[PDB]
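See structure below.
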Amino acid sequence: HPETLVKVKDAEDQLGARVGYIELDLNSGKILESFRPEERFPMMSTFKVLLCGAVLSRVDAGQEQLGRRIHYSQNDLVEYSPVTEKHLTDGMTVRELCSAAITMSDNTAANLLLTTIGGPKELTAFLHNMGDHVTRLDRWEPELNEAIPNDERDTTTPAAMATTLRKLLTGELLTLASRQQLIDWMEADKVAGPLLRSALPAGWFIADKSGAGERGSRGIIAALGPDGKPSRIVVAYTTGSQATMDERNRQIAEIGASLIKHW
Ligand SMILES: [Xe]
Ligand SMILES: [Xe]
Ligand SMILES: [Xe]
């Protein structure tokens, strides 16, 4: 809706930075709203959903099992590992690692999962093979959050990310079981409280994944809808701002409010 696009424009002015935005109808795949749809933004932790999509694709092919247990060492633990730091002795299953990566944004969980698929290059190869020739992961946590201006590493475009997320959640790629699992993990996100969720009326469904990185990078991907069922995909990214986290949160929440208001 035009008023939502105005909020996005206002966010650009107030943050002093680019904002990319897409609204995508879940069923029809029609683009309902867009802004800088073909521009690149760092994915940050939003890549963790694509990562577990690749993992689930391997589970489908029998190349991976959700119950397989991975052990690791203190040396594997990078910054912000709230779940993995608690399981050096017992290890974690692949399912537990995806839950940690998506619901808590656990960085070590993401790196371990990357190792299972062969690293950033293979995540990118996975994306390429499902028809996203735009999105690219090049680095591991936490370096992938560097967000150097004009650097294309570890970036997506709002349009590429939106359509890929749609293909993962509803497309032909994953089995029904794996699509449900991916969405269930996203619905259980615990670290996107002040963003879109903050504008969400009671009874609405939301499954999401947020990200933040260097140089004012912030973003979120989401499938949401009223009446406990998703009906739309929303992607929003920003980078370049010197604004505090709180202001970036509030800008996304404000865009969120307009989306809901004019649903
Ligand atoms: Xe969904
Ligand atoms: Xe934003
Ligand atoms: Xe949003």
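The count begins at 1 with the first shown residue.
Per the header of the entry, the method used was X-ray crystallography, 1.4 Å.
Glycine too: its Cβ is placed from the backbone N, Cα and C atoms.
According to Swiss-Prot, the active site, acyl-ester intermediate annotation covers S45. According to Swiss-Prot, the feature disulfide bond maps to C52-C98. Sequence annotations record features per position, and here Swiss-Prot assigns active site, proton acceptor to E143. Annotation source Swiss-Prot lists substrate binding site at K209, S210, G211.
For the recorded positions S45, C52, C98, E143, a Cα-Cα cutoff of 10 angstroms around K209 (substrate binding site) retains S45. For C52 (disulfide bond), the nearest of the recorded positions by C-alpha distance turns out to be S45; the candidates were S45, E143, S210, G211. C98 (disulfide bond) sits 16 Å from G211 (substrate binding site), counting Cα to Cα. The Cβ of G211 (substrate binding site) lies under 8 Å from the Cβ of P42, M43, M44, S45, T46, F47, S105, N145, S217, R218, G219, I220, each of which sits 6+ residues away along the same chain. Other residues of the same chain near the substrate site, with their Cβ within 8 Å of the Cβ centroid of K209, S210, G211, are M44, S45, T46, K48, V49, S105, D189, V191, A192, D208, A212, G219, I220, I221.
Under the three-state DSSP scheme, the residue listed as 'active site, proton acceptor' falls in the helix class. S210 (substrate binding site) sits 17 Å from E143 (active site, proton acceptor), taking the C-alpha atoms as the reference points. Classification of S210 (substrate binding site) by DSSP places it within a strand. The sparsest Cβ neighbourhood within 10 Å, among the listed recorded positions (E143, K209), is found at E143.
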